[PDB]
Each structure stands twice: as structure tokens, then as C-alpha cells.
Amino acid sequence: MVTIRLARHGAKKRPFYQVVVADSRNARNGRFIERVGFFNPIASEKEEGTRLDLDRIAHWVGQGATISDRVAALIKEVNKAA
Amino acid sequence: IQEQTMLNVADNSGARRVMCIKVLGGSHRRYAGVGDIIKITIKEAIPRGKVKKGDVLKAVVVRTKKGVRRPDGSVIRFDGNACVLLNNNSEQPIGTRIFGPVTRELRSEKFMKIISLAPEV
Amino acid sequence: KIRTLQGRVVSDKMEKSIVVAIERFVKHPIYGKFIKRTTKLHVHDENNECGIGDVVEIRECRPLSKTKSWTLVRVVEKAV
Amino acid sequence: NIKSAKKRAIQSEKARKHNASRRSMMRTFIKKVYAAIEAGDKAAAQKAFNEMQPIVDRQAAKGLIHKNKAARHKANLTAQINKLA
RNA sequence: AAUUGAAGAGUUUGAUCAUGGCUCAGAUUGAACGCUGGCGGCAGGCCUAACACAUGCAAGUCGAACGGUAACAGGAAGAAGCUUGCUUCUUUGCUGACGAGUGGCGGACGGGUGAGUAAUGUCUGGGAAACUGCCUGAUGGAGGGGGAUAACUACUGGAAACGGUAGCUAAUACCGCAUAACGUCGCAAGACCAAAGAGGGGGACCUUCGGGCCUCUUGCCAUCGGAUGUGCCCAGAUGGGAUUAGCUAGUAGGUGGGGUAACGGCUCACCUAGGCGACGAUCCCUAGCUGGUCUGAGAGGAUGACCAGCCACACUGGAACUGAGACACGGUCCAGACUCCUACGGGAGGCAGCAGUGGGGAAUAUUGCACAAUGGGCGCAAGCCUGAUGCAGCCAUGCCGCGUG
RNA sequence: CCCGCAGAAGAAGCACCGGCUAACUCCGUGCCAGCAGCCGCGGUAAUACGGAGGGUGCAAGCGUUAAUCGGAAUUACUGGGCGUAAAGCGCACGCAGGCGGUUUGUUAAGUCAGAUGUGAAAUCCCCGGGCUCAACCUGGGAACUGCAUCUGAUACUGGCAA
């Protein structure tokens with residue numbers, strides 16, 4: 001299935017996850033269709049700890065993309081009732 | 001078998017055709033074709049074999065078109081003559097694997113290895 | 001509406017088919033001189049209409065044979 | 001035994017026997033339609049076509065004929081029994 | 001904001017000026033060797049033998065498909081220390097759960113390697129003739145039967161993969177009948193093709209007392225869509241050698257027949273004699289290709305280590321089966337150029353997965369921990385698996401920072 | 001990561017010094033031993049060999065080797081030459097190919113302009129942010145100098161006509 005999932009792209013002990021849409025069969029850091037946004041688990045003063053293109057996530061959910069547990073959690077954190 | 005007999009080889013290390021140059025054992029022994037030892041040369045060899053063309057060494061006859069007679073009168077005849085290559089001094093098989101049928105008279109002394117490696121006895 | 005390539009015909013000895021040379025004016029990647037290059041395409045012919053030396057317009061289609069993938073001249077019904 | 005590759009070998013053998021049986025029966029019916037075409041008589045060719053058609057449709061439904069083979073077999077033999085006249 | 005950018009010198013000569021080669025100062029590395037060596041962070045680490053591999057793991061899961069209980073728990077008609085549960089029966093699947101089995105999905109992903117491959121490959125740009133499990137939208141069905149088998153039971157094959165011989169049983173295993181259209185074939189009339197349940201809770205009624213009945217969840221089938229993956233075509237680009245110039249009969253087109261999911265010489269019969277090539281065909285040698293990387297002021301020259309995309313291979317050479325997807329790393333069947341293994345007759349295996357061993361080399365690491373995270377497989381979920389991955393170990397291998405006041 | 005404790009405490013080598021190339025004297029040896037990338041040094045006063053002292057570079061590294069590019073404009077498209085330094089076929093006719101005097105009309109193939117799709121992400125460059133800093137990770141842009149398609153111009157080239 002098409003999945004909207006995280007891809008670990010950071011350095012050692014400091015991960016930086018790219019929230020990305022990809023086929024489920026591909027590797028974690030491999031081929032993807034489009035890049036929705038990002039999420040840094042390392043906490044900071046910035047409001048860009050997580051950024052998501054919710055329009056693209058809605059478009060792919062309508063197309064049939066499934067959402068991972070971490071992506072659903074990040075969508076619950078990045079909403080109108082934040 | 002006899003002198004000037006072209007023979008096939010069963011073992012892998014022995015390569016294609018061999019020709020008997022002397023019939024070992026005895027003074028004017030003419031025909032020895034059952035489990036006897038014969039001196040051979042290599043008349044045509046493939047490069048995959050360890051031996052090469054023109055190398056003199058011993059053999060033991062394993063299959064013969066004349067055929068060995070069993071005690072009850074049974075005759076086991078093989079199409080085409082075959083031998084297994086042996087060292088001149090140690091009289092042990094150079095070839096690691098034996099191909100083809102062998103006969104139960106090849107059981108005495110150093111030929112248990114030949115019939116153990118052989119498929120059909 | 002449709003991609004068309006235009007070129008002269010080299011042999012009509014094929015039955016229901018022709019070979020068309022398309023000449024392209026390309027720049028050399030290093031020396032910069034505009035050199036002329038030729039691409040020869042096997043083109044399907046209907047009713048053997050194209051005879052040698054004729055400039056014809058060809059259109060990409062499904063593979064009609066091995067090495068054949070192009071088609072007829074122009075619009076049908078003989079527009080004048 | 002517990003390894004899935006061995007159970008896959010068992011299942012592949014059983015499915016090959018089953019699929020060979022069904023493929024053999026549909027090729028027998030198709031070669032019946034072709035033999036009646038080569039005979040040149042239309043009534044037995046139409047009866048053989050009417051006997052072949054549910055079998056080839058059913059095995060396309062079950063999943064080894066993949067329905068475009070069924071379409072091609074029906075289309076070709078309908079064309080041939082109509083060209084028999 | 002996003003080309004802010006170019007250094008020469010030594011050496012021919014008695015001396016000069018040219019030409020011209022040689023050499024140096026610079027940057028770079030998957031580097032090696034010698035000398036020396038404190039710490040940390042990030043990255044890198046078999047460049048040869050695609051040589052041969054000991055040992056351990058690298059692909060399983062679902063009891064919410066099913067028969068069932070091989071283990072672990074909860075229930076005891078039988079009498080007990082003459083204490084009444086502090087332990088036990090011909091026992092039972094009754095429940096939770098579960099060895100093995102049938103079945104479903106996954107084993108085609110992820111991981112490795114660069115051997116082949118100078119063009120069924122790659123990069124860039126176009127096309128139609130196609131399929132597409134799992135994910136999603138719309139519409140409509142989901143009715144009723146049958147036969148078998150594994151497990152099992154008894155016998156039994158020198159103890160090969162382990163097979164046979166009888167009997168019994170279940171399913172979301174299998175096969176028919178009905179149904180039949182916006183599906184298939186057909187110019188039309190018409191003909192034809194589908195399936196399967198399970199789980200959870202419940203007013204009344206009837207009842208095996210398990211259900212019919214009412215919901216809910218999920219599952220099934222058909223068709224048309226979407227999305228995604230894949231197959232196919234065309235054009236351009238893609239090393240060297242012309243001391244390699246002529247190669248090609250399924251070769252080149254056509255028409256019929258077959259074949260594929262689909263166009264197609266893909267294949268066959270027949271006809272026509274065509275096709276490619278000096279804009280390099282064919283042959284030989286070499287080579288995975290790209291994004292990129294190093295140098296360079298650029299244009300170029302070199303190169304494809306890591307990382308990411310695409311291709312190809314899985315002891316060698318073939319071949320098909322299952323399946324949506326393979327002609328399949330840890331799947332089958334053959335041959336063998338190899339090692340183990342008898343009941344010497346009867347067979348097993350394939351690290352170019354992760355460690356590691358031998359060898360080769362100038363040289364390249366641990367037979368470590370964890371699924372905590374991110375991914376994948378199964379499942380409704382808990383969860384199980386994951387040598388992907390996250391980490392750690394070793395090595396000054398590179399970059400960077402700090403220290404030795 | 002922070003705090004605390006003791007004591008400068010536990011922590012410096014490698015190459016070079018004739019010119020290119022920053023840094024020079026003395027002792028030993030005497031075309032020997034030996035150095036060398038090139039020129040070249042050594043045959044009794046050696047800044048060139050081997051030690052010492054001094055100095056110069058780089059520094060947890062430093063030299064040597066291998067391989068690439070640069071310098072090399074020494075394969076020259078940018079960007080070379082051919083009288084004598086290497087180089088004009090002994091000469092001519094000539095097919096392919098390359099290039100073409102002048103005017104007008106037409107086409108827009110090359111050419112130019114604008115737009116659209118793509119040119120994956122990463123890397124490279126710019127503006128920021130996070131690791132105490134840097135390396136490293138990362139937001140956005142720029143770039144990907146390319147290809148295709150649509151529209152427009154007609155000066156040069158190409159086609160056609162006169």
C-alpha cells in the first residue's frame with residue numbers, strides 16, 4: 001500500500017525524520033513519491049519541531065494512502081486544536 | 001586388457017582414452033581383464049585432468065566387453081572397456097570419484113576405495 | 001495535435017512498408033558546429049503510396065512489426 | 001516442516017496437479033472445437049463451442065486463465081465457426 | 001543574496017632566443033608501508049579469489065478460517081489424612097491457550113554482490129496495445145448441495161527426501177447447480193461466467209438448547225474507477241580498436257493460424273527479397289549505468305568508494321511450478337566441474353545475508369546488545385519475527401574540535 | 001551535560017635545510033660508504049653523504065609509495081602549430097561530405113523570446129536554525145547550464161519560388 005511514513009535521515013543519536021509518502025515495499029530511506037514534511041525529536045525553542053503539508057496528507061488519504069502510528073500522532077499534534 | 005588396448009576411464013582425474021602398454025604380472029601373460037593391474041599410457045587427455053598426454057602409470061581393469069563369469073555361470077558384460085588410474089609406486093586411485101558400474105571381484109586389497117566411491121556394485 | 005516527423009523515403013522495396021530518413025540539424029556538444037545527422041525509420045505504408053524520393057509525414061504508433069513503429073502521410077478523404 | 005519453504009513445496013506440488021487437471025480439460029474442449037472446425041461442419045462446431053465456453057469462463061473466474069485468454073479463445077473460435085458458414 | 005575568477009620554477013647551450021619533452025611546488029583517496037601516538041564528535045573500513053566455507057542466527061505469522069489437544073493452567077460422578085479440599089481417576093476440549101496438521105497472507109520486500117552486460121542495460125524525452133496482491137470510491141450480490149484429504153487410527157518400507165497400504169473427519173481447502181449484469185463473446189438475437197464465513201453483544205418467540213431472530217465489526221464475489229508497482233514501443237545520448245568492412249534467411253516485410261496480461265517474427269505455414277552498414281554494421285578487447293565524486297578559473301579531464309534511483313546475479317549451465325508479482329539468496333526438478341554422508345545402494349548442502357574461518361593480498365573490523373525508536377511481514381489487537389535498523393567493539397582511515405598549561 | 005576533588009599534574013613526534021623550496025655550521029668518510037623528484041653531490045676544508053648543534057615547515061600526526069587532475073596553451077571548442085624546430089599528400093580530376101555572390105515573396109527546420117510539464121531526494125551554492133563550537137544534521141530558495149510541447153519574431157542560416 002501507499003504509506004505516509006517517517007524516514008530517518010539525521011546524524012548519530014540526533015535523528016531527523018522526513019515525513020514522506022512511499023510504497024510500503026521500499027526501504028526506509030529509499031524511494032519515495034513525495035515529501036510531506038519533517039519532524040525533529042530533539043526538542044528546541046522553534047515552532048518547526050514538526051511541519052506537515054496537511055493538504056498533501058489529505059490528498060493521499062483520499063487516494064488511499066495509509067498513515068503510520070507516528071504520523072497519526074504528529075497529525076494529532078499539528079492540527080487546529082494543537 | 002591386452003597390450004595395445006584403448007580404454008575409457010571411470011575416474012575423473014584420469015582423462016578420456018588410455019592405452020595399455022604392458023600386461024603386468026606373469027612372464028608371457030597375454031590377457032588380463034578382470035581386476036588385474038595394467039600399465040597404461042595416456043593417448044588423449046583433457047586439460048581438466050591432472051594427468052597429461054604421454055604419461056605412463058598403472059591402472060586396474062573395471063569394466064570389460066568380455067565380461068566376468070560368476071560362480072553359478074552368470075556373465076556380466078559391460079559395453080566398452082574401462083579402467084581406473086593408479087599411481088606407479090603406491091597403486092592407489094588418483095581419481096576422487098568413480099563413475100559407472102563396478103563388479104564385486106574388485107574387492108581385494110586396494111580396490112575397496114574404488115567400490116566405495118562407485119555408485120553401482 | 002499529433003507529433004509528426006517529416007522526411008524523404010529511401011526504399012519502397014518492402015511490401016506495405018517504407019523506410020524514411022529524418023534529417024536533424026544538431027549542434028556538436030564540443031566543437032559547436034551545427035552538423036547534419038540522419039535517423040532512418042521503418043514506416044508502415046498503406047496501399048504502397050509513397051514512391052522513392054517523396055517527402056512524407058510520419059506518426060508514431062503501436063509496434064506493427066519488429067523495427068516498424070510509424071504510419072501514413074496525412075489526413076484521409078483527400079482534402080483539397 | 002515448520003519452515004515455510006517446505007510447506008510451499010507441498011502446496012506447489014498439490015496446486016500443480018490440480019491446475020494441470022483443469023488446464024488439460026479446457027485444452028481438450030478447445031481442441032474439440034478446433035477439430036470440429038477442421039472437419040468443416042458447423043453444427044458440431046457450435047455444440048463444441050457451447051460446451052467449451054462455460055468451462056473456459058469458469059476457469060478464468062477461478063484464476064488460472066486470467067480472462068483475456070478466455071476472450072481470445074472465444075473470439076478466435078467464434079470467428080472460425082462463422083467463417084465456416 | 002545563490003560562477004566573488006586563471007602565479008610559475010629547474011633542466012639542451014660557452015652564452016642567447018625559440019621549439020620541445022622530462023621533473024617539481026597544489027588538491028584529492030574505500031589508500032598501503034616506515035616512524036610516532038592523548039581525548040572526543042561525525043563519517044568510512046576486502047579496492048584482489050563472483051575463491052572455498054566450520055559454527056550460530058538473518059522469515060515468519062494468524063486459535064477472530066478448521067479438525068482438534070501434543071504441552072501449560074482453571075472444572076471431579078470414585079473414596080480419601082476418618083482434618084474435607086492442602087493432592088489425585090475411564091477422564092473431557094468445556095474454556096483460556098497451543099506442539100504438529102489443513103488453510104490464508106507473507107516467503108518476489110528488506111539485506112548482499114558487480115560476475116555478466118557497449119546495449120532485453122542506464123540517463124533524458126515522448127507513446128499505446130497491458131496487467132496490478134495488499135490500500136481506496138461507487139453499484140449490486142452473498143441462495144442451496146456434494147465428494148475428498150491432511151492431521152489421526154492400525155499395518156508397514158533398514159533406519160533415502162523418508163515413503164507406501166486400508167479406514168474416519170473439518171474448513172474462509174475443492175467441485176458442481178441456481179442466480180447474471182454498466183462483465184465476456186457476438187453485427188445482433190442471444191449464450192456464458194461469482195462467492196465463504198468468522199468474531200462480539202443482545203427484548204420477544206420457537207427450539208438442538210450449540211441456534212433461527214436483531215444489531216455491530218470484519219471477511220467473501222462481480223464490475224467500473226483511483227493510487228501504486230510492473231510489462232512493452234520510439235527518438236537522442238551511452239569506452240577503445242577500420243592493423244575488425246562488408247554482416248544478415250526468422251534474417252526483412254506482408255497475409256493467414258497460434259501464443260502473451262498486451263503490440264510485436266513472439267512462433268509456424270506460405271508469399272515477396274528484402275534488412276543493417278563508411279553518420280562505423282559485424283568482429284575483438286574492456287565495462288554495470290546515473291544522481292553524483294576528485295581536480296579544474298572555466299570548458300574540460302578522470303572516476304562511479306559511501307549514500308539514493310535503475311539493471312544484472314545468487315556453487316555453474318538449463319528449465320518450468322505456485323502466485324498479483326519469479327523463471328525465485330536462505331523455493332522445487334535435472335544434469336557436475338565440489339564437499340559430507342550407508343542400511344555402501346540412498347541421500348543431504350550451497351555466506352556474492354550478519355558475524356566469523358582458511359586462502360589470496362600492500363591492505364580492510366565483532367562468531368557483541370537490543371527490537372527502546374524508525375521501517376517491513378502476519379494479526380482485529382495484545383503481540384511474534386526482523387544480522388533491516390538503532391547501537392556498541394576494533395582501526396589516527398578521513399574531516400573537525402580540544403588538550404599536552 | 002552539570003557540579004565537586006587532587007595535582008602541572010597523565011599526554012610530542014615526523015620530515016627537511018645546495019637550487020627549484022622556508023631553513024647552515026662543525027665532526028667523520030674520501031667518485032668509497034652512500035644521497036637523489038630534476039639539475040646533480042662524493043676522487044682530504046662536502047651548506048647535497050652519516051652523526052651532533054642550530055634552524056624551518058607540519059603537528060596527533062609526519063614522510064614515502066600508488067592513482068587522478070592541475071600547472072601542460074604538452075590534443076589547443078574555449079585555446080596550438082606545419083619555409084628552416086614535428087608537420088602541405090609529388091601533382092591533378094573528382095563522388096559523398098563541408099562551405100557558399102545579389103534582390104524579392106513564402107515557410108519557420110536551425111536561431112531568439114515567453115509560458116507549461118519534467119529534469120527524484122541527496123550533494124554543490126546562498127540566506128537562516130540546531131549540536132558549548134567545528135565537522136555533522138537540517139528549513140526555504142537558487143541551481144540542475146537538459147528535453148518535450150504551445151504561442152510569438154523573421155535579422156542571419158536552411159527549404160521553396162521567381
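Residues numbered from 1 in each chain as written, not as in the entry; some residues may be left out. Chains lettered and ligands numbered in written order. Part of a larger assembly, values for the part shown. Heavy atoms only, no water.

- The record names cryo-EM as the way this model was obtained, at a resolution of 3.2 Å.

1. Considering the overall build of chain A
- Looking only at helices and strands, one finds two helices and five strands in chain A.
- Start at the N end of chain A and walk to the C end: the helices and strands fall as β-β-β-β-α-β-α.
- Taking 12 Å as the expected radius of gyration for a compact globule of 82 residues, we find that chain A reaches 12 Å, a close match to that expectation.
- Considered along the principal axes of its C-alpha atoms, chain A spans approximately 35 × 35 × 20 Å.
- Considering chain A as a whole, with its 82 residues, one finds that 28% of them fall into the buried category.
- On chain A, roughly 5600 Å² of surface is accessible, and the fraction owed to carbon and sulfur atoms is 52%. (Helix = DSSP H or I, 4+ residues; strand = E, 2+ residues; numbered from the N terminus. Rg over C-alpha atoms; globule rule 2.2 N^0.38 Å. Buried < 20%, exposed > 50% of the residue type's maximum accessible area, 1.4 Å probe, protein only. Areas by Shrake-Rupley, 256 points an atom, 1.4 Å probe, with all protein chains shown as cover.)

2. Quick word on the side chain of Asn-40 of chain A
Residues and elements named next belong to chain A.
- Structurally, the position occupied by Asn-40 is in the loop between β3 (34–39) and β4 (50–51).
- Given the relative accessible area of 8%, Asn-40 is considered buried.
- A polar side-chain atom of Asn-40 sits 3.4 Å from the main-chain carbonyl oxygen of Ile-42.
- Among all residues touching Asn-40, those that are not within four sequence positions of it are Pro-15, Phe-16, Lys-46, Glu-48, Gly-49 and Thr-50. (Polar contact = N/O pair within 3.5 Å; in protein donor to acceptor, adjacent residues only side chain to side chain. Contact = heavy atoms within 4.5 Å.)

3. Some thoughts on the protein's contact with RNA strand E
- Around RNA strand E, 94 residues are found, and the nearest of them are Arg-25 and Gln-63 of chain A, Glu-15 of chain C together with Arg-22 and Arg-72 of chain D.
- A breakdown of the atoms of RNA strand E within 4 Å of the protein gives sugar and phosphate a share of 84%.
- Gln-11 of chain D has a polar side-chain atom sitting 3.1 Å from a phosphate oxygen of RNA strand E.
- Take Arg-58 of chain D: an N or O atom from its side chain is 3.2 Å from a phosphate oxygen of RNA strand E. (Near = heavy atom within 4 Å.)

4. Remarks on unusual backbone geometry
- Phi at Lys-13 of chain A is positive, roughly 65°, even though this residue is not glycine.
- When you line up the elements, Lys-13 of chain A lands in the loop between β1 (2–8) and β2 (17–23).
- With a phi angle near 60°, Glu-109 of chain B is a residue other than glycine that sits in the positive phi range.
- Inspection of the secondary structure assignment puts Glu-109 of chain B in the loop between β7 (82–86) and α1 (112–117).
- Look at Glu-109 of chain B and you get exposed, because its relative accessible area is 63%.

5. Here's the deal with the protein's contact with RNA strand F
- Near RNA strand F lie 17 residues; those nearest to it are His-9, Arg-14 and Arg-35 of chain A together with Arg-3 and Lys-33 of chain C.
- Of everything in RNA strand F that lies within 4 Å of the protein, sugar and phosphate atoms constitute 92%.
- Taking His-9 of chain A, its main chain carries an N or O atom lying 2.9 Å from a phosphate oxygen of RNA strand F.
- Taken together, the elements giving at least two residues each to the surface near RNA strand F come down to β3 of chain A together with β3 (34–44) of chain C.
- In terms of residue class, the surface near RNA strand F is built from seven nonpolar, three polar and seven charged. (Nonpolar A, V, L, I, M, F, W, Y, C, P; charged D, E, K, R; others polar.)

6. Let's talk about the sheet that holds strand β4 (residues 57–63) of chain B
Residue and element names in this part refer to chain B.
- The mixed closed barrel is built from five strands, whose spatial order is β1-β2-β3-β4-β7. On average, each strand axis in the sheet is inclined to that of its neighbour by 55°, with strand direction left out of account.
- When strand β2 (residues 18–23) meets strand β3 (residues 37–42), the two strands line up antiparallel, connected through five bridges. Looking at β3, one finds that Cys-20 is bridged to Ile-40. (Pairing = 2+ DSSP bridges. Axes fitted to C-alpha atoms, helices over the stretch in contact; angles between N-to-C directions.)

7. Some thoughts on empty space enclosed by the protein
Residue and element names in this part refer to chain C.
- Per the counting criterion, the structure on display carries one cavity of 30 Å³ or more.
- Lining the largest cavity we find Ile-18, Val-43, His-44, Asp-45, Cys-50, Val-56, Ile-58, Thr-71, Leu-72 and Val-73.
- Elements with a minimum of two residues in the lining of the largest cavity: β3 and β4 (55–65).
- Considering only residue class, the lining of the largest cavity consists of seven nonpolar, two polar and one charged. (1 Å grid on protein atoms, 1.4 Å probe; cavity = no way out; pocket = protein on both sides within 12 Å on 5 of 7 lines; lining within 4 Å. Points joined across faces, edges and corners; volume = space filled by probe spheres on them.)

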